[PDB]
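Just below is one structure, and these are the notes that go with it.
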Amino acid sequence: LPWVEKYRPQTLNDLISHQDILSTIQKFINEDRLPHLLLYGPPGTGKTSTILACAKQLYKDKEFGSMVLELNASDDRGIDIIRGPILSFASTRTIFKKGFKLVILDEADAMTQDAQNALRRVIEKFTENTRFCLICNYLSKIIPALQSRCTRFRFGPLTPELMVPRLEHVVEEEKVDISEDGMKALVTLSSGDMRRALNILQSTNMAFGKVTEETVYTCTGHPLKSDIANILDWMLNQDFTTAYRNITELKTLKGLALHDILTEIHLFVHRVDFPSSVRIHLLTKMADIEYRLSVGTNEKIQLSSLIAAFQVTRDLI
Amino acid sequence: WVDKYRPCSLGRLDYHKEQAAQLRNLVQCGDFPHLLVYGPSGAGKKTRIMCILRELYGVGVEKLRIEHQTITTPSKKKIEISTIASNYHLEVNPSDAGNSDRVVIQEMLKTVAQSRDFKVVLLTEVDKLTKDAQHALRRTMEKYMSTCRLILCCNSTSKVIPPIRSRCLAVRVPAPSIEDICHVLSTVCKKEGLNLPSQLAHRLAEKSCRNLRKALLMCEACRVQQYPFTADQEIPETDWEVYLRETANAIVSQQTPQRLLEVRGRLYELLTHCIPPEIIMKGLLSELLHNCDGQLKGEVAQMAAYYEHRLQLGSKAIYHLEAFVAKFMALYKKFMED
Amino acid sequence: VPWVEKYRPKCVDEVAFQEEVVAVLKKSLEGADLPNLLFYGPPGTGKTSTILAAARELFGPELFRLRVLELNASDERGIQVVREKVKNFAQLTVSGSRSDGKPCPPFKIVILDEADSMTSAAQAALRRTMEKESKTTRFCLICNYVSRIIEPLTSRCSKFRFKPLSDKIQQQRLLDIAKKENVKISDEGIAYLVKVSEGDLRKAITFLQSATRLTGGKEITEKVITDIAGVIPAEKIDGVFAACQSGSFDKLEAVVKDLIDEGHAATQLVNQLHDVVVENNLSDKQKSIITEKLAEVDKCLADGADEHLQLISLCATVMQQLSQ
Amino acid sequence: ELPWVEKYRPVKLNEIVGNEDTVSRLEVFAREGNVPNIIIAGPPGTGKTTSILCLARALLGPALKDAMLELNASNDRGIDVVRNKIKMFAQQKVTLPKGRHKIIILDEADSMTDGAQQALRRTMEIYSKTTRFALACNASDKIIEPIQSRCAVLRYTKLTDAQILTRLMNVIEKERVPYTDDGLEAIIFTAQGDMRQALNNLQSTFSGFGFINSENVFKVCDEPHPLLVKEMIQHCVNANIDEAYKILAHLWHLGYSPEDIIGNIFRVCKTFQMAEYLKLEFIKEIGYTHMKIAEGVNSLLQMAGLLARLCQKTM
Amino acid sequence: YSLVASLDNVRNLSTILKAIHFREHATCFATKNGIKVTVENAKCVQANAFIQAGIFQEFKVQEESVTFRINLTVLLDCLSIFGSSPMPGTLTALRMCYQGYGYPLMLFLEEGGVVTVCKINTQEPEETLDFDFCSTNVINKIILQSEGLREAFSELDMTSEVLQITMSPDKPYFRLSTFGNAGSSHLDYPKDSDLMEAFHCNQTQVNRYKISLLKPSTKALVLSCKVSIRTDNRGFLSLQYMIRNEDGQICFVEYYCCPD
Amino acid sequence: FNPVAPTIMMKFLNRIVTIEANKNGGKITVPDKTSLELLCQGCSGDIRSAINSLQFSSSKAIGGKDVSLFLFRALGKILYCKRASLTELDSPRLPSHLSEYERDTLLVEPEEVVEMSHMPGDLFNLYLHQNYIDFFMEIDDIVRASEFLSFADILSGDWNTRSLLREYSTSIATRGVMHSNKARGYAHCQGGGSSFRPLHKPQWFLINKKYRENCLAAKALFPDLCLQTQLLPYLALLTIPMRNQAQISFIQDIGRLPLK
DNA sequence: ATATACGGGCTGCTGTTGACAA
DNA sequence: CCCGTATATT
Ligand SMILES: Nc1ncnc2c1ncn2[C@@H]1O[C@H](COP(=O)(O)OP(=O)(O)OP(O)(O)=S)[C@@H](O)[C@H]1O
Ligand SMILES: Nc1ncnc2c1ncn2[C@@H]1O[C@H](COP(=O)(O)OP(=O)(O)OP(O)(O)=S)[C@@H](O)[C@H]1O
Ligand SMILES: Nc1ncnc2c1ncn2[C@@H]1O[C@H](COP(=O)(O)OP(=O)(O)OP(O)(O)=S)[C@@H](O)[C@H]1O
Ligand SMILES: Nc1ncnc2c1ncn2[C@@H]1O[C@H](COP(=O)(O)OP(=O)(O)OP(O)(O)=S)[C@@H](O)[C@H]1O
């Protein structure tokens, strides 16, 4: 169950987007020149999946438990529990006489400085019986000494064009009826994270039965593009009280949050023509508004203040 | 308080009788929600809570069983905390432990929850608590709402986070006006010889603000200084007020760095004698605003609010007090020469 | 037992609002493929109740010891407990069936509330825990603010926002409860009470109980609800603007001093002032400035500042604007 | 076998293409054989450890196994066992022909505690007639003053383009890899001083492409970050918010977390050519924004507001 | 109730468990033939035991095998709760019941009218390696006594880091070397002695081993009467012991270690 | 003791190099004189490193011992603001309206000075707050400096992120105190003053410790912070005797502050 | 007429991991 | 950092 981990890729050819990196990794595997990797990027891109597919391709099914170590954030990572076990692991003469060993180090940005220094020594000392692989999200929490010996690979955010066919395959696999606007709205409401495009589908399909733009927007609660355009039109032209009443009624009818409205208004403000200074004023006030909505205040007053900050500067000009 | 002429029954209350009848109607049937009492200090919330407990139970609330308890932090550290908790009702003040209040609340509340058919657990001064302690208290008071009820007491219901505020009723107690204070002072003194003329009682009530505790203390203090009262007899004041008055007088007579250092040392000495920074700021504002008469008055008020927010956000008081003093001095110097 | 604990939803067909989540839970009950859950929203909408009802009617009251654990904010959570205890529970195996022969789901449920009060170090272990063990355990996180949770924790859970309740639904539920408990309500009193409650089920239920126990079982009007809630009278609130419009600083200070003497919370005063401001005959610029000042004062009060000085600042800014 | 970063290691002392003075002096000292204790410092990726090991091998020769001691950070360096073993090795007598002495090397000595160093400083001034020391480190502020007070401190520097190009040409000639001038310039640009990084990048590019054209180098991944922020700060100097936001949007779409960007902004801002008032205000705004981001509220709007506040200062 | 087991001499099980106790956790294996407790460390060293059904008097199992993980220290403390020094004539009896998955392990002990009851909740399982050492690729094998190496392995705990084992048909038949702070220390053992029951080495083999992994063999060497050493082509070391009880039965303990 | 004077080290180094030169043996380049004072300049009165560097350099600057800056010297360096006469360069200027913020060129890096003193930032800021008043002549600059110090204080008030961002506070405080001094910062305007004045130590430590001990002495002894804020005003207006001996002294302690 | 040393101001105010002496 | 003073030496 739980589609996201039910349809996880099991081979290197069932991924998308990044193609040069995958071909380079395949060439590394073919010539048996696998270096130490430092895979980093934003959430939901396919790092652990890629490394696990590489591990399953390299080794047999009965050897994965005796020649592969896995250390994560839920395990213990100090000094002694690394100085003993991994030094002994590199002190192990290889069983099955084939290949080398692997130590997967997930969430590598959690260890301390001493552990990283010892790991630098471990990885540099003996590059014939172990091949470390670090996977991180922040590159500021890795010491430069350990950052200068592992091949850095960047996994950027995904793009809709190659993101569509995998969702189409998932839809076809089960019995789901899909539309055109539904796919576009489903893909758009995910900033490159594929896991936020596969879980929304499961949540929506199990509540209504069919997927459409209105269906997904009601399942999640995101405001529509036309709604944001109407709000902006009401802001830029009409009076104070009339705009307040209109947006109040619109928000009361369909319960809408304030974060998404702020994000869409920010994008539309940057997309329209303004004489510099007004844009600076709007950006500053809207950033303050967004910051102030994480303490426990009231949303109505924040909406009124957003209206007030947007109104006067454009009304005078 | 004086604790010698305080009532112990919902009847014969000198003020705020209607809400007392409402509380009696609520307590006479059980089936209680959690209670949160708020209002200005000196209004007498503790008397209401104690009388509610007396009405809910029998007469077994008039005993004192002061108890000590030692608990342990996660590693080894020990916390000693004293409770006045007598039979049935349990009373605790988890503010004597600075950052051990969270574990105090957890352990003590979870022990007493398993230990009418229900008890109460008072939590005095809920204002000065961290954020995690309130979370744990809220969860444990929601979980076991079948054998124990909570009656929190505080003032300025703004520090308590909304989830607790939206989890219990809210009872408010306002200050007891002015005429009622003079009447209660007159009756309490007439019970014990001599009397208070109406003018003297009115002057004491006006000068003692809204706090009946302070008014009673001032009246008793004046009674031990002079037995025959007159129509032109003043009231003694504390030594932390005249000091602030002198500091405010000196902060405006001259504006030089040496005077700034002198007033900084004065603030140091005043802070040494256990006066919180907030009262210092309030008194300084009152004395300074006593004579501004202009836009500088509003500017000073806004800057003082800014500095107060800064003080309650930061961790060093003297920095902010000195900054406010310097800004006021500069503004007054600029205004004087124009 | 108070009315809040007596009318707690014991079944999925007792939650009023939130159609999508209840539909998803119903579909996943008589079937399979239930994903991870992440509930968030304002207080008094019902999040613990829904998951507790789902767990109760999926397993049964006699099968709670070895199927569900709840880790609240009173459990001393840290890295060690997440590393050992949660892993040990999640690494077990599904037990047998129940007494009454019914279909059963082959998974356990781990419930943890106030996950926003934890630390990042524990959250990393927690997020890695529920990937390799997605065969026998499902996780239901509950929070008020999503921002206090790291990205990989919220990137693998279905996010469900709980809307604040509507007028008609709250009115119907309150009428049902009042009919059940035999209390005489007025058609205008309920319409005022729902407005006062600002969209809170628990607050409205407590208000109803406190009103019916005070009155003893007679008709309750709006005047009782105003006294119980504590709404500031409009005649007093007009004086603030009357003094701020013209005069001097001393009268403004005296008015605010009396208002804070009476014990009213500053949040209610700000909320009521905001309604008056945006409906009067004032220019747009003055309204904008006053609204921004009100928002700033509200935030500063929410960050544990003083009450007298902030009210003085707001009133002084209003005095400056109204005399311009 | 091994990758290209650990297989092409110099075995002699004249293959090192780093600094020119210290290496020549070390060659002269190895010729003579009366070296004092030395402490080497410098940026990573130069070859300090290579120089130390080559010097020791040249000094000893065939008796290296039974007359050399090497200690690391993976190996336990407490106080008790380390002081015991050090004193065993110092007091033990060995025969060396004319002027060769016993060598004790402690790599990355900055990780030692104060107790270890304070116990070590006694053994390094008495047995000097039969043994000598040699230390390599990165941060030289960690070593206490008394230990430095009797050592020769040699400080390295980041490699320039000429030596990097010469050794890269040597490697290419050895491996017979068809090349192009602009591609090698791009590789050197990506290197940014460190040399093992450059060799690893070249090997990664050559893995599955067969050419070192610039397009292939950029396609196979990487790219240097700071020079983009350097232009962005200059753009915000002149109140050009419209031109300033473009680079921020590009970086955000590239996949960089807010903290990584905001740290580099501060680091580039400190070493810049501006006035004092502007520097003060910029530092203040960056500090407030970093506090906000660390508290959890991170998004594009906060960075846009920071840019707007930076541009407001100059009006 | 899955498996229930009763016995009247706890000392046999207690000493068998103590002969293998150097970790904190252990994994059990209940089968129609008996129990088998195994432990692993550093993904290289692995020690296993065996308690056949002949020892037991009341043994009952249900359906298939049963696996669970138990803390070893707590179990060993609970077993020997009546003092580890009984005079001849005093015995302790124990009963244990495990009622399937998800329920703890019972232990009722009795001696001379004193009855104790204890429970151990189990959170299982882990995964074990596949150290197959079938006697097909074994090249060097030897069998020998214990009193010879009592002091020898007792004189083996120094501040060294590697132990060298060399076996050859000629000259150093069985030599152990330890390089430490002071100097070398050789402990050559010749053939045709009172502790040389069979010498059948074929080709010379010199190998290095870690002291940390091979140290806990002292406990197995102390409570033993014979030791068998086996090494294959690659260089993996297999140690076989032979322990006896008061009644006069025999139980075996095996150790597997990998070379450097 | 005191560091060796330049002349003594100069004469001894000259004697040593003369002795080496007289050894002859071969045509070896004597180290140049111009580098010989450079060797002694970057050693700070330490013979052993000077001799080591001379040996290293005579093989055919080296010996860059790190400096410690003597914190009381760093404070003076920050608070004295050695300025230049605005040598003709292409530094950016404030275009039109910021004409009152023009400053002369600076020859000090505050970050290096603060780092090299080896002190925590929150202590450096306290010392600066204690010692920065006396060097100022105007009030507006004092106001600006106080505001900058307060803003530096705000950034470190939490506990989880107190050590993630600490350089910002110290940098802001140092640069604000340095730039706000417009009276001093006009190059050739330092004549004449800067008499023989010693610095001091912050007085906040004793006051804070007294506050804490008085907190405890108020709590545990009237426990049935708020007591010092609310109950202790009542204590200040209590002034009546009671039944004890060590408590009358405490009552007379708080309530007898000097006042005419 | 020029290089070098005295004089006066500093030890100080919640959690998770690691080394030392017994 | 800062100012003024007592001794070795050419
Ligand atoms: N590019 C992709 N190709 C294929 N499947 C993908 C891709 N991106 C995400 N997925 C799927 O989404 C699931 C969740 O993403 P993960 O790989 O677990 O995230 P991640 O890369 O590990 O980053 P973290 O764990 O948040 S640091 C994966 O198990 C895949 O099934
Ligand atoms: N109805 C009353 N009649 C006479 N005196 C009263 C009455 N109510 C209170 N008092 C007096 O008020 C004083 C006690 O004040 P309280 O109301 O108990 O202050 P409080 O409730 O403790 O407020 P906090 O929050 O604890 S500071 C005593 O002097 C009482 O005698
Ligand atoms: N959506 C709802 N449907 C029906 N009754 C509700 C709903 N929300 C609240 N209630 C009523 O209010 C009571 C309190 O609900 P809870 O589940 O405790 O609130 P909650 O989910 O804990 O939200 P908190 O506690 O403010 S974070 C329930 O027992 C119901 O009687
Ligand atoms: N000066 C140099 N000349 C030639 N190759 C060099 C030089 N410096 C570094 N290298 C290369 O760097 C590779 C490994 O670098 P190391 O010498 O191990 O780094 P390091 O000197 O130990 O400094 P660390 O350990 O990173 S702080 C060698 O295989 C060389 O190819």
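Going by the structure tokens order, chains are called A, B, ..., each with residues numbered from 1, while ligands are numbered from 1 in the order shown.
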(message) Show me, as a ChimeraX atom specification, every residue of chain B with an atom at most 10 Å from chain A, counting only C-alpha atoms.
(response) /B:161-163
Store the residues of this selection in a file with N, CA, C and O atoms, as an mmCIF file, in the first residue's frame.
data_model
loop_
_atom_site.group_PDB
_atom_site.id
_atom_site.type_symbol
_atom_site.label_atom_id
_atom_site.label_comp_id
_atom_site.auth_asym_id
_atom_site.auth_seq_id
_atom_site.Cartn_x
_atom_site.Cartn_y
_atom_site.Cartn_z
ATOM 1 N N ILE B 161 -1.154 30.620 25.753
ATOM 2 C CA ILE B 161 -1.325 30.339 24.329
ATOM 3 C C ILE B 161 -2.786 30.018 24.029
ATOM 4 O O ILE B 161 -3.513 29.551 24.919
ATOM 5 N N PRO B 162 -3.255 30.268 22.808
ATOM 6 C CA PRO B 162 -4.685 30.102 22.490
ATOM 7 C C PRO B 162 -5.213 28.701 22.761
ATOM 8 O O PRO B 162 -6.359 28.570 23.221
ATOM 9 N N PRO B 163 -4.455 27.624 22.479
ATOM 10 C CA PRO B 163 -5.029 26.286 22.724
ATOM 11 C C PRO B 163 -5.486 26.054 24.154
ATOM 12 O O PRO B 163 -6.518 25.404 24.364
#
(request) Based on DSSP run over this structure's backbone, return all residues of segment 231-285 of chain B in helix (DSSP H, G or I), as a PyMOL selection string. (result) chain B and resi 239-253+257-272+277-285
Any chance you can output those residues with N, CA and C atoms as a CSV table (one decimal), in the first residue's frame?
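Once everything was written out, this is selection03.csv:
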chain,number,residue,atom,x,y,z
B,239,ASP,N,10.7,53.1,49.4
B,239,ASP,CA,12.0,53.6,49.0
B,239,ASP,C,12.4,53.4,47.6
B,240,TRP,N,11.7,52.5,46.9
B,240,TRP,CA,12.0,52.4,45.4
B,240,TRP,C,11.3,53.3,44.6
B,241,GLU,N,10.4,54.1,45.1
B,241,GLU,CA,9.6,55.2,44.4
B,241,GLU,C,10.3,56.5,44.4
B,242,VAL,N,10.8,56.9,45.6
B,242,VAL,CA,11.5,58.2,45.8
B,242,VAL,C,12.8,58.1,45.0
B,243,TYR,N,13.5,57.0,45.0
B,243,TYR,CA,14.7,56.8,44.2
B,243,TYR,C,14.4,57.0,42.7
B,244,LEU,N,13.4,56.5,42.2
B,244,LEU,CA,13.0,56.7,40.8
B,244,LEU,C,12.7,58.1,40.5
B,245,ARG,N,12.0,58.8,41.5
B,245,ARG,CA,11.7,60.2,41.3
B,245,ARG,C,13.0,61.0,41.2
B,246,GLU,N,13.9,60.8,42.1
B,246,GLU,CA,15.2,61.5,42.1
B,246,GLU,C,16.0,61.2,40.8
B,247,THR,N,16.0,60.0,40.3
B,247,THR,CA,16.6,59.6,39.1
B,247,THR,C,16.0,60.4,37.9
B,248,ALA,N,14.7,60.4,37.9
B,248,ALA,CA,14.0,61.1,36.8
B,248,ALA,C,14.2,62.6,36.9
B,249,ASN,N,14.3,63.2,38.1
B,249,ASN,CA,14.7,64.6,38.2
B,249,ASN,C,16.1,64.9,37.7
B,250,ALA,N,17.0,64.0,38.0
B,250,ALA,CA,18.4,64.2,37.5
B,250,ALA,C,18.6,63.9,36.1
B,251,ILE,N,17.7,63.1,35.4
B,251,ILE,CA,17.9,62.7,34.0
B,251,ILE,C,17.6,63.8,33.1
B,252,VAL,N,16.9,64.9,33.5
B,252,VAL,CA,16.6,66.0,32.6
B,252,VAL,C,17.2,67.3,33.0
B,253,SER,N,17.8,67.4,34.2
B,253,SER,CA,18.5,68.7,34.5
B,253,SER,C,19.7,68.9,33.7
B,257,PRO,N,27.5,63.0,29.0
B,257,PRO,CA,27.8,61.6,29.2
B,257,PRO,C,28.1,61.2,30.6
B,258,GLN,N,28.7,62.1,31.4
B,258,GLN,CA,28.9,61.8,32.9
B,258,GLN,C,27.6,61.6,33.6
B,259,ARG,N,26.6,62.4,33.3
B,259,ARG,CA,25.3,62.2,33.9
B,259,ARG,C,24.7,60.9,33.4
B,260,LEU,N,24.9,60.5,32.2
B,260,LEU,CA,24.4,59.2,31.7
B,260,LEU,C,25.1,58.1,32.5
B,261,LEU,N,26.4,58.2,32.8
B,261,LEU,CA,27.0,57.1,33.6
B,261,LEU,C,26.4,57.1,35.0
B,262,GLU,N,26.2,58.3,35.6
B,262,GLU,CA,25.6,58.4,36.9
B,262,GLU,C,24.2,57.7,37.0
B,263,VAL,N,23.4,58.0,36.0
B,263,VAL,CA,22.0,57.4,36.0
B,263,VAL,C,22.1,55.9,35.7
B,264,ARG,N,23.1,55.5,34.9
B,264,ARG,CA,23.3,54.0,34.7
B,264,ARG,C,23.7,53.3,36.0
B,265,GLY,N,24.6,53.9,36.8
B,265,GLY,CA,24.9,53.4,38.1
B,265,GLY,C,23.7,53.4,39.0
B,266,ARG,N,22.9,54.4,38.9
B,266,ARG,CA,21.6,54.4,39.7
B,266,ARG,C,20.7,53.3,39.4
B,267,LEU,N,20.6,53.0,38.0
B,267,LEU,CA,19.8,51.9,37.6
B,267,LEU,C,20.4,50.6,38.1
B,268,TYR,N,21.7,50.4,38.1
B,268,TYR,CA,22.3,49.2,38.6
B,268,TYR,C,21.9,49.0,40.1
B,269,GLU,N,22.1,50.1,40.9
B,269,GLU,CA,21.8,49.9,42.3
B,269,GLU,C,20.3,49.6,42.5
B,270,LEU,N,19.4,50.3,41.7
B,270,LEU,CA,18.0,50.0,41.9
B,270,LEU,C,17.7,48.5,41.5
B,271,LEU,N,18.3,48.0,40.4
B,271,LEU,CA,18.1,46.6,40.0
B,271,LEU,C,18.7,45.7,41.1
B,272,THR,N,19.7,46.1,41.8
B,272,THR,CA,20.3,45.2,42.8
B,272,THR,C,19.3,44.9,43.9
B,277,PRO,N,12.8,44.9,35.9
B,277,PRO,CA,12.9,46.0,34.9
B,277,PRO,C,11.6,46.6,34.4
B,278,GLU,N,10.5,45.9,34.4
B,278,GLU,CA,9.3,46.4,33.9
B,278,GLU,C,8.8,47.5,34.7
B,279,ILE,N,8.8,47.4,36.1
B,279,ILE,CA,8.3,48.4,36.9
B,279,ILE,C,9.2,49.7,36.8
B,280,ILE,N,10.5,49.5,36.6
B,280,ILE,CA,11.5,50.6,36.4
B,280,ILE,C,11.0,51.4,35.1
B,281,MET,N,10.7,50.6,34.1
B,281,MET,CA,10.3,51.3,32.8
B,281,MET,C,9.0,52.1,33.0
B,282,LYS,N,8.1,51.4,33.7
B,282,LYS,CA,6.8,52.1,33.9
B,282,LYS,C,6.9,53.4,34.7
B,283,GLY,N,7.6,53.3,35.8
B,283,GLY,CA,7.8,54.5,36.7
B,283,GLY,C,8.6,55.6,36.0
B,284,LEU,N,9.6,55.2,35.2
B,284,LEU,CA,10.4,56.2,34.5
B,284,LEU,C,9.5,56.9,33.4
B,285,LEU,N,8.7,56.1,32.7
B,285,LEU,CA,7.8,56.7,31.8
B,285,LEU,C,6.8,57.7,32.5
(request) Would you kindly return, as JSON, numbers by chain, each protein, DNA or RNA residue with an atom no farther than 7 Å from any atom of segment 306-317 of chain A, considering only C-alpha atoms (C1' of nucleotides) and excluding same-chain residues fewer than 6 positions away? (result) {"A": [235, 236, 278, 282, 285, 286, 289], "C": [285, 288, 291]}
Go through chain D residue by residue and, counting only C-alpha atoms and all ligand atoms, keep those with an atom at most 7 Å from ligand 4; for each kept residue give the shortest atom pair and its distance in Å to one decimal, ordered by chain and increasing number, as CSV.
residue,atom,partner,partner_atom_place_in_ligand_line,distance
D:5,CA,ligand 4,29 (O),4.9
D:6,CA,ligand 4,29 (O),4.5
D:7,CA,ligand 4,29 (O),6.5
D:8,CA,ligand 4,31 (O),5.4
D:9,CA,ligand 4,29 (O),4.1
D:10,CA,ligand 4,4 (C),6.9
D:15,CA,ligand 4,4 (C),6.6
D:16,CA,ligand 4,3 (N),3.8
D:17,CA,ligand 4,3 (N),4.2
D:18,CA,ligand 4,1 (N),3.8
D:43,CA,ligand 4,27 (S),6.8
D:44,CA,ligand 4,26 (O),4.1
D:45,CA,ligand 4,19 (O),4.5
D:46,CA,ligand 4,8 (N),3.0
D:47,CA,ligand 4,17 (O),3.2
D:48,CA,ligand 4,21 (O),3.8
D:49,CA,ligand 4,22 (O),4.5
D:50,CA,ligand 4,17 (O),4.8
D:137,CA,ligand 4,27 (S),6.6
D:138,CA,ligand 4,27 (S),5.6
D:195,CA,ligand 4,11 (C),5.5
D:196,CA,ligand 4,12 (O),4.6
(message) At a cut-off of 7 Å around ligand 2, and using only C-alpha atoms (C1' of nucleotides) and all ligand atoms, what residues come up? Please write them as JSON, numbers by chain.
(response) {"B": [1, 2, 3, 5, 6, 7, 13, 14, 15, 41, 42, 43, 44, 45, 46, 47, 153, 154, 155, 184, 212, 213, 216]}
With C-alpha atoms retained, write the just-selected residues as a PDB file, in the first residue's frame.
ATOM      1  CA  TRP B   1      -2.662  40.898  52.609  1.00  0.00           C
ATOM      2  CA  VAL B   2      -3.476  41.390  56.287  1.00  0.00           C
ATOM      3  CA  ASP B   3      -5.038  37.896  56.450  1.00  0.00           C
ATOM      4  CA  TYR B   5     -10.084  40.369  58.406  1.00  0.00           C
ATOM      5  CA  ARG B   6     -10.662  38.247  55.299  1.00  0.00           C
ATOM      6  CA  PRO B   7     -13.991  36.454  54.748  1.00  0.00           C
ATOM      7  CA  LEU B  13     -18.920  39.677  50.434  1.00  0.00           C
ATOM      8  CA  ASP B  14     -18.391  43.429  50.286  1.00  0.00           C
ATOM      9  CA  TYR B  15     -18.429  43.649  46.476  1.00  0.00           C
ATOM     10  CA  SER B  41      -3.969  42.303  40.742  1.00  0.00           C
ATOM     11  CA  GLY B  42      -5.517  43.222  44.075  1.00  0.00           C
ATOM     12  CA  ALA B  43      -9.048  42.300  42.968  1.00  0.00           C
ATOM     13  CA  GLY B  44      -9.149  39.118  45.067  1.00  0.00           C
ATOM     14  CA  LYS B  45      -9.227  36.096  42.761  1.00  0.00           C
ATOM     15  CA  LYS B  46      -7.660  33.781  45.352  1.00  0.00           C
ATOM     16  CA  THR B  47     -10.496  34.453  47.797  1.00  0.00           C
ATOM     17  CA  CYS B 153      -5.275  31.946  38.204  1.00  0.00           C
ATOM     18  CA  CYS B 154      -3.456  34.822  36.512  1.00  0.00           C
ATOM     19  CA  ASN B 155      -3.716  38.355  35.153  1.00  0.00           C
ATOM     20  CA  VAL B 184     -14.473  48.330  53.388  1.00  0.00           C
ATOM     21  CA  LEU B 212      -7.384  46.727  48.244  1.00  0.00           C
ATOM     22  CA  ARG B 213      -4.344  44.881  49.619  1.00  0.00           C
ATOM     23  CA  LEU B 216      -5.267  48.020  53.737  1.00  0.00           C
TER      24      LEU B 216
END
(request) Find the residues in chain A near chain E: any atom within 8 Å counts, using only C-alpha atoms. Write them as a PyMOL selection string. (result) chain A and resi 65-66+84-86+88-89+91-93
(request) Give as a count of residues only the residues surrounding ligand 1 up to a distance of 6 Å, considering only C-alpha atoms (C1' of nucleotides) and all ligand atoms. (result) 17
(message) Taking 6 positions as the minimum chain separation for residues in the same chain, which residues sit within 12 Å of residue 81 of chain E when counting only C-alpha atoms (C1' of nucleotides)? Answer as a list in words.
(response)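 Counting only C-alpha atoms (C1' of nucleotides), the residues come to residues 10, 11, 14, 74, 75, 92, 93, 94, 107, 108, 109, 110, 111, 114, 115, 116, 117 and 118 of chain E.
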I need the residues from that last selection saved to file as a compact mmCIF listing (two decimals), in the first residue's frame (with C-alpha atoms), if you can.
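Written file, out_4.txt:
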# COMPACT_ATOMS: atom_id res chain seq x y z
CA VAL E 10 19.58 -24.46 35.76
CA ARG E 11 23.39 -24.56 35.92
CA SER E 14 23.46 -20.90 32.75
CA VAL E 74 18.96 -9.82 32.17
CA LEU E 75 18.25 -13.48 31.36
CA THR E 92 17.18 -25.23 41.56
CA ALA E 93 14.31 -25.94 39.16
CA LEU E 94 12.93 -23.69 36.42
CA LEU E 107 10.20 -17.83 34.06
CA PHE E 108 9.18 -19.57 37.29
CA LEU E 109 12.05 -20.72 39.52
CA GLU E 110 11.85 -22.80 42.69
CA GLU E 111 14.32 -24.03 45.30
CA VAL E 114 11.26 -20.44 47.69
CA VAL E 115 9.42 -19.55 44.47
CA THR E 116 10.27 -16.64 42.16
CA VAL E 117 8.38 -15.39 39.09
CA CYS E 118 9.81 -13.16 36.37
(message) Give me, as a PyMOL selection string, all polymer residues having an atom no more than 10 Å from residue 9 of chain G, counting only C-alpha atoms (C1' of nucleotides) and skipping those fewer than 6 positions away in the same chain.
(response) chain F and resi 72+197-201
